[PDB]
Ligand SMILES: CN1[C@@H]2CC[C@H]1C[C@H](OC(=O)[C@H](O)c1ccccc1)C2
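This document starts with one chain, in the form solved without homotropine, laid out as structure tokens.
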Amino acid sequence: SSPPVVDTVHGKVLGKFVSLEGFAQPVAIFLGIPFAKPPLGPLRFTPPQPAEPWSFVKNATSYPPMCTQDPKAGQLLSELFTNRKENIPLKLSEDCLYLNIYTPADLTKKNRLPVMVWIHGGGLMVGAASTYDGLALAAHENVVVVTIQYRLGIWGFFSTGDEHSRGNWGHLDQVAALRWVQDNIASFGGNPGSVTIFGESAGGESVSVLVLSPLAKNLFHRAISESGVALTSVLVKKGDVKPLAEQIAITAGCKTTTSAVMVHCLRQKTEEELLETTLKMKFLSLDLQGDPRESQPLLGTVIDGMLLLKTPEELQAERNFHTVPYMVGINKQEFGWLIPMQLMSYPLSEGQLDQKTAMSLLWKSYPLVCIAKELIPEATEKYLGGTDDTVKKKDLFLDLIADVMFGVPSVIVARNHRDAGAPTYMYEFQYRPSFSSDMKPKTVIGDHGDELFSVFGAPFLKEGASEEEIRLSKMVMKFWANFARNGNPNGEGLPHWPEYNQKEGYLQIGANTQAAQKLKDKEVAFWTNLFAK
């Protein structure tokens, strides 16, 4: 019964025990541990500072707020992605730099378990750590699971393109959480010499950015990007970021006289005024009015000169990144339902698409796929021209967006990582979880986020999982935690997962799981040639 109490650098923390049926050792859970000073007032749009130390024992048994964000979209994504039986309602706050810890170690003995640090998705605009319950993965695989938060949206990524607001505050928060883990996780039974970062969607892009950042040197030892990398271009702003900053300033009621003037004005706004600004900007929603080249669907990663010194393409060309073991994976249908239908309000209710509407829509999709207008016909013809059925054309259009956004970027990242001599692994995930939304057509399989339910052991926390689904989660969890332990997912009882080498082996994960070769090879060739003009 007696709750666990752990000493950290900054003070003592009190957690709680939670048992998972069939595991003798209850899991010690610590909710809402601060890893930075709350980024309020003048600390807005600045790097995170260390948390101030506290006397006595901090009660770490309540979920922290989630970072300020569109509450409706944030709650929706939490409901769609959570592995728990009931979604936990969360408060909003700028005071959100917290992490949650699930340790299966008996804290009365000494333990050095591998640590897995989860970075949540959400487009860099929404999301929360508390969505993801670490209980099942921690108990089933004997790993310490850490879920982190980081500033989002305007708070996390507002950039003037210069020294007055460089940008990438949320990525700096991720780095601060990893340094906290280095300094403290051994008190929770974890091994700071074996930290694996893993994340999905914008969280997978964050993992890829951290692989590219000198600030993350020696903070992690393996990495996993699930459905998102630093070549997912909608998340990485190149070129001139000043137009977006000025539009944000104006919407908030601020002058644009200079960068410093904009940033100081935004620093005086209340949280509520910046949230009103966020909602007026209509982020994460396909912009159908005006020139598509001016659409800004999210505030994201920039080349700031501190976290990222050059573009991801330039960094991989010079082999300037952390050559840790790296697992890069995609799902069979990344654009099948949840991103267009639930997050971005795509005009695809009809379920048939003719080629003319497809070209018009692909042009409107410019902020996602970056295809010049003169190249829209060729691109569309390559995917939709081979059939005459317009339902098939709609499905092939979804394939096209998925390949440009996720599949091709992921293979290019994996190839460049392999070519720097690092151990590299890839997967393609194909399963339709029973936990899918009731709104989701039964023909969508391997949608964006579908692997989450297997990675986080949803069949052991939510009800109604089939026996096949339970088996799948046990295998995925074991692959992931073997990778955390050894930088190699393989082990006894598991299908062989080849290294992604020059033969380009990868694992097809699903009801039938087996190795395959050359993922997306034809598509990479096509799109690389197309984007070279």
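The term rigid core refers to the most C-alpha atoms you can superpose between the two forms while keeping them within 1.5 Å. Shifts are known only where both forms have a C-alpha. Each residue number is its position in the shown sequence, starting from 1.
One more form of this protein should be noted, the form deposited with homotropine bound, which is absent from this view; the next part is about it.
The binding site of this unliganded chain is blocked: after homotropine is superimposed from its pose in the entry with it bound, three or more of its atoms come within 2.4 Å of the backbone or C-beta atoms. Only one segment in the set 372-380, 317-325, 139-147, 438-446 has residues whose heavy atoms sit within 4.5 Å of homotropine in the entry with it bound; it is 438-446. Site annotation in the entry with it bound: the residue of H221, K394, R166, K332 reaching within 4.5 Å of homotropine with a heavy atom is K394. Note on contacts: among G156, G457, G336, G190, the single residue with a heavy atom within 4.5 Å of homotropine in the entry with it bound is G336. By the criterion of a heavy atom within 4.5 Å, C254 is excluded from the residues contacting homotropine in the entry with it bound. Using a 4.5 Å cutoff between non-hydrogen atoms, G290 does not count as a contact of homotropine in the entry with it bound. Although the partner is absent here, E86 is not a contact residue: none of its heavy atoms lies within 4.5 angstroms of homotropine in the entry with it bound. Taking the partner from the other structure, homotropine in the entry with it bound has no heavy atom within 4.5 Å of any heavy atom of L308. In the entry with it bound, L348, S349, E350, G351 are the residues of 345-366 with at least one heavy atom within 4.5 Å of homotropine, listed from first to last. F321 is the only residue from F283, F397, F460, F321 whose Cα shifts by 2 Å or more between this form and the one not shown, the rigid core being superposed.
After superposition on the rigid core, only one stretch of three or more consecutive residues whose Cα atoms move by at least 2 Å between this form and the one not shown is found, at 319-322.
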